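Q: Structure below; questions to follow.
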Number of protein chains: 2
Amino acid sequence: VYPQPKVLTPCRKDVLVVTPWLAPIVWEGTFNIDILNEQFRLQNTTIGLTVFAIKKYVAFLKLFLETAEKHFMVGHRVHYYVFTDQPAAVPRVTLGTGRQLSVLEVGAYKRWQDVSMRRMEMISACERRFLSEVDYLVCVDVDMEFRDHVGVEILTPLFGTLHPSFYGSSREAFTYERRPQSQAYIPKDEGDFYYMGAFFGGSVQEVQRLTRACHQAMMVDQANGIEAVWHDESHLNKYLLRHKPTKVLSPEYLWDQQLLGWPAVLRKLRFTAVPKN
Amino acid sequence: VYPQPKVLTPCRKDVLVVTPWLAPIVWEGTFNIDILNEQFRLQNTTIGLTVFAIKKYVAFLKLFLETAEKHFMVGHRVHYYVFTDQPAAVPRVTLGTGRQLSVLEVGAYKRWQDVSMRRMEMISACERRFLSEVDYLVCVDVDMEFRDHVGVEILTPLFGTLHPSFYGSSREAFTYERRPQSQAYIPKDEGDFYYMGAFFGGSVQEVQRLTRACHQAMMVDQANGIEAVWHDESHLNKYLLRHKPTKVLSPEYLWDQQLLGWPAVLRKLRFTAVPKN
Ligand SMILES: O=c1ccn([C@@H]2O[C@H](COP(=O)(O)OP(=O)(O)O)[C@@H](O)[C@H]2O)c(=O)[nH]1
Ligand SMILES: O=c1ccn([C@@H]2O[C@H](COP(=O)(O)OP(=O)(O)O)[C@@H](O)[C@H]2O)c(=O)[nH]1
Ligand SMILES: OC[C@H]1O[C@@H](O)[C@H](O)[C@@H](O)[C@H]1O
Ligand SMILES: OC[C@H]1O[C@@H](O)[C@H](O)[C@@H](O)[C@H]1O
Ligand SMILES: [Mn+2]
Ligand SMILES: [Mn+2]
């Protein structure tokens, strides 16, 4: 039993709910979570969530993790992978059933550019290990909290998330890389969306492809003495232009209430930034 | 270069363009065919189209085939499989490049119920052969003509098509099988859509699963001395209830202008019935 979908009365009429390559754009009201939960339960799906907490960012872990336990893939199997240069600093947080956490220890870089940029390398290389332990990988920023449901509706071979400062914008304004000497180069009259670096994912296979390609593309740039304007986010936008995501998450999935409010078009604020100095 | 998809100005606001399990519902204006053509060209995708022309129905082949050459998967590789009890009767029709036709000879059944019903058996068993020759199988009625574009926008692991007499209806009215002694039984408060028997498909693997299951389910019924109300279409609706299609085609893809007109909500009439006695 569930309400009957009605072909001639669209749930959402205020937003675009599918891209021109027929990928769903995920917004409240486009899905029935009970149907989707049923489908994902039947494959006994496991979701991996990677998060980096290097240096002072280990401060963000506790709230990240507590809110992930209330809102992320609740009822499904989750494996948190925390990447950190301080394993002892990882708070002990009580996990629901079928949920686990592993701490993976890594080097720090002095520059914040490289910490964010080397995520691609580092996720890429836990490679044979993700393939056996999980069906999907979701890769997010640690400086964040869950405030509402983030579940299996997002799961697809490849997804990105609409940057919240640019969803209502035109492509000319998108802060893509505009210098043709960077591998992240996107010309002025190309681009579907501007995707944020802080929330992407997909199957293990598609995420390893993305992260390999972004790393291989960041390296090429260095050996040409150039750094992409917005770094990993620049390379992500380039990969996602050429390899179009099979779902696109609305800005419900990456928001900042302080900076942008709660507009009517956003019926839930699911995963939001935390203030930092 | 293409128009920029605009997150806050949905192309179609009059129809539901995605199901509650996040499958696209395919309507004009939801897709950019150039983007999709690009993606499908890059895999060198082959589409198989199966069609049965048993007895007098070989009369429908000529127009079916000619219009398929103007409108079906034009620019992509197509393999027509014509199933018939009269191979000599299959008109010679000139094919575009990368397009072929094979004639597969089969038995006739006196009763029209079994001809339509045994399609499932017969498609199911050309089994090892579809797996090597084609990536997708599309299965349609022969008594039909293409009048507009039917292309790669429909291609997905599994799709069905909204029956044109029932898209604006409620589920209570859907002419599902309502007798619990039939394997096609769907209860009164279940059902997403009423799908027509005349246009379904998907990957080879998903279509062989569907047709196997529908055959295995038709047989079980016979050995219980019962025939489903609307036959293969009844079993299809049951399979698609339990195994939800990954795309749903709008009634643009299965129409009858004589019986229902050309409503404003239908911006193209793509594939339509032909009058018969
Ligand atoms: O010293 C640092 C700087 C960054 N990060 C990681 O890199 C991510 C992205 O950087 P940040 O959040 O600073 O970028 P922003 O969201 O502010 O643009 C952080 O969330 C952490 O996962 C980290 O672990 N240690
Ligand atoms: O004598 C027959 C009756 C049916 N068919 C096939 O079974 C399909 C479905 O039957 P029909 O079109 O009669 O059903 P309808 O569309 O009228 O309900 C036809 O299109 C043909 O592919 C056939 O080949 N020979
Ligand atoms: O334009 C790209 C930039 O946009 C800012 O609003 C955001 O805080 C940065 O993280 C980066 O994404
Ligand atoms: O209700 C099911 C039936 O609906 C009719 O309109 C259609 O012509 C039949 O082929 C069958 O689909
Ligand atoms: Mn951040
Ligand atoms: Mn017919």
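Letters A, B, ... mark the chains of the structure tokens in the order given; residue numbers begin at 1 per chain; ligand numbers begin at 1, in order shown.
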Near chain A, which residues of chain B fall within 7 Å when you count only C-alpha atoms, and what do they look like as a ChimeraX atom specification?

A: /B:1,4-10,13-16,19-22,24,30-32,35-36,167-168,189-190,192

Q: Would you list the residues that come within 10 Å of ligand 3? Count only C-alpha atoms and all ligand atoms and give the answer as a list in words.

A: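 Listing the residues within 10 Å of ligand 3 gives residues 163, 164, 165, 166, 173, 174, 175, 176, 194, 195, 196, 197, 198, 229, 230, 231, 232, 233, 234, 256, 259 and 273 of chain A.
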
Q: Could you give me, as JSON lines, every chain B residue with an atom at most 10 Å from ligand 6, plus its closest atom pair and distance in Å to one decimal, counting only C-alpha atoms and all ligand atoms, rows ordered by chain then number?

A:
{"residue": "B:57", "atom": "CA", "partner": "ligand 6", "partner_atom_place_in_ligand_line": "1 (Mn)", "distance": 9.7}
{"residue": "B:116", "atom": "CA", "partner": "ligand 6", "partner_atom_place_in_ligand_line": "1 (Mn)", "distance": 9.1}
{"residue": "B:140", "atom": "CA", "partner": "ligand 6", "partner_atom_place_in_ligand_line": "1 (Mn)", "distance": 8.4}
{"residue": "B:141", "atom": "CA", "partner": "ligand 6", "partner_atom_place_in_ligand_line": "1 (Mn)", "distance": 5.0}
{"residue": "B:142", "atom": "CA", "partner": "ligand 6", "partner_atom_place_in_ligand_line": "1 (Mn)", "distance": 6.6}
{"residue": "B:143", "atom": "CA", "partner": "ligand 6", "partner_atom_place_in_ligand_line": "1 (Mn)", "distance": 5.1}
{"residue": "B:144", "atom": "CA", "partner": "ligand 6", "partner_atom_place_in_ligand_line": "1 (Mn)", "distance": 7.0}
{"residue": "B:197", "atom": "CA", "partner": "ligand 6", "partner_atom_place_in_ligand_line": "1 (Mn)", "distance": 8.6}
{"residue": "B:198", "atom": "CA", "partner": "ligand 6", "partner_atom_place_in_ligand_line": "1 (Mn)", "distance": 6.3}
{"residue": "B:199", "atom": "CA", "partner": "ligand 6", "partner_atom_place_in_ligand_line": "1 (Mn)", "distance": 9.7}
{"residue": "B:272", "atom": "CA", "partner": "ligand 6", "partner_atom_place_in_ligand_line": "1 (Mn)", "distance": 9.5}
{"residue": "B:273", "atom": "CA", "partner": "ligand 6", "partner_atom_place_in_ligand_line": "1 (Mn)", "distance": 6.7}
{"residue": "B:274", "atom": "CA", "partner": "ligand 6", "partner_atom_place_in_ligand_line": "1 (Mn)", "distance": 8.1}
{"residue": "B:275", "atom": "CA", "partner": "ligand 6", "partner_atom_place_in_ligand_line": "1 (Mn)", "distance": 9.5}
{"residue": "B:276", "atom": "CA", "partner": "ligand 6", "partner_atom_place_in_ligand_line": "1 (Mn)", "distance": 9.0}

Q: Among region 35-267 of chain B, which ones does DSSP place in alpha helix (DSSP H), written as a ChimeraX atom specification?

A: /B:35-42,61-71,112-123,127-133,204-222,232-242,257-260

Q: Please return, as a ChimeraX atom specification, all residues of region 29-88 of chain A that DSSP assigns to strand (DSSP E or B) on the basis of the backbone.

A: /A:46-52,72,77-84

Q: Find the residues around residue 87 (chain B) up to 9 Å (only C-alpha atoms counted), leave out those fewer than 5 positions away in its own chain, and share them as a PyMOL selection string.

A: chain B and resi 82+103-105

Q: Restrict the selected residues to C-alpha atoms and save them as a PDB file, in the first residue's frame.

A:
ATOM      1  CA  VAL B  82      10.795 -11.081 -37.311  1.00  0.00           C
ATOM      2  CA  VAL B 103      13.470 -14.104 -40.006  1.00  0.00           C
ATOM      3  CA  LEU B 104      12.795 -16.730 -37.335  1.00  0.00           C
ATOM      4  CA  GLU B 105      10.231 -19.338 -38.314  1.00  0.00           C
TER       5      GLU B 105
END

Q: Tell me which protein, DNA and RNA residues are within 7 Å of region 117-121 of chain A, counting only C-alpha atoms, leaving out same-chain ones fewer than 3 positions away, and put them as number ranges by chain.

A: A: 113-114, 124-125, 211-212, 214-215, 231-232

Q: Give me, please, the distance in Å between atom 7 (O, counted along the ligand's line) of ligand 1 and CA of residue 132 (chain A), quoted to one decimal.

A: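 Answer for the atom 7 (O, counted along the ligand's line) of ligand 1 to CA of residue 132 (chain A) separation: 25.6 Å.
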
Q: How many Å lie between CA of residue 213 (chain A) and CA of residue 76 (chain B), rounded to one decimal?

A: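 Going from CA of residue 213 (chain A) over to CA of residue 76 (chain B) covers 28.9 Å.
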
Q: Hey, can you check how far CA of residue 270 (chain B) sits from CA of residue 71 (chain B)?

A: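 Between CA of residue 270 (chain B) and CA of residue 71 (chain B) the gap is 8.3 Å.
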
Q: Restricting the calculation to only C-alpha atoms: of B:155, B:73, B:61, B:150, which residue gets closest to residue 269 (chain B)?

A: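 The shortest atom-to-atom distance to residue 269 (chain B) comes from B:150.
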
Q: Have a look at B:83, B:60, B:159, B:255 and name the one nearest to residue 240 (chain B); count only C-alpha atoms.

A: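 Counting only C-alpha atoms, the residue closest to residue 240 (chain B) is B:159.
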